[PDB]
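In structure tokens, the next block holds one chain alone, the form deposited in one PDB entry.
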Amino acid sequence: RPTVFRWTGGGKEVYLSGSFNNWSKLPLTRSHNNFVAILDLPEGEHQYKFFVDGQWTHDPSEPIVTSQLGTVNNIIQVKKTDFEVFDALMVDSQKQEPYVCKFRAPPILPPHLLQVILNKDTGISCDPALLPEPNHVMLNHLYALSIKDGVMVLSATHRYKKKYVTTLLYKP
């Protein structure tokens, strides 16, 4: 159905002749430099040619085809996926773990990660298991205590659904 025919080049009088009509000249409206015409077209292949300032010309950015005589005419692709937004973006998107090792400095550590949920003081007028609402950016990150008598203490805040769980593991 809706197909766009835009002329990027300069000119005063621009006409469009294709396969949709019997190679007849159609007047094109201009904005500032661009000459455009939106027409309803069915699925398949359509041949077209431009007529600028009394001379026949073709768009270089679009695919072209040459006949036996020597006439250069553009080619337009009319697909079923081209009209559906999610399908059209999928078409445009189209166009393993090695165990081996591989002079700018690494990125500067953001201050958000320094805000430890466990180090923060909580009010005495509440349950000790309760914690403040954590930042989305500190989630999944590993926080640990200094090793004392062959035992490592590891902690990480994880999201279940809308609730956050701060787990602690005392592993020797």
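Here the rigid core means the biggest group of C-alpha atoms that line up within 1.5 Å when the two forms are laid on top of each other. Residues carry their position along the shown sequence, with the first being 1.
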message = Of the other PDB entries for this protein whose models extend past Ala88 on both sides, does at least a third leave it without coordinates?
response = no
Should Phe35 be counted as unmodelled in at least a third of the other PDB entries compared?
-> no
For the neighbouring pair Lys95 and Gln96, the stretch of deposited sequence with no coordinates amounts to 10 or more
In the entry, residues of the deposited sequence missing between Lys102 and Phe103 amount to 4 to 9
Assert higher mean C-alpha B factor (135-143 or 104-112, deposited values) equals 104-112
Once average C-alpha B-factors are taken from the entry for 63-71 and 25-33, the winner is 63-71
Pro42: CA temperature factor from the record, placed by chain third, in the highest
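There is another form of the same protein, the form deposited in another entry; it is not shown, and what comes next is about it.
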(Q) Aligning on the core only, does the CA of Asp40 end up 2 angstroms or more away between this form and the one not shown? (A) no
Next item on the list: Answer yes if the CA of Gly70 moves 2 Å or more between this form and the one not shown after aligning the rigid core, and no otherwise.
Entry: yes
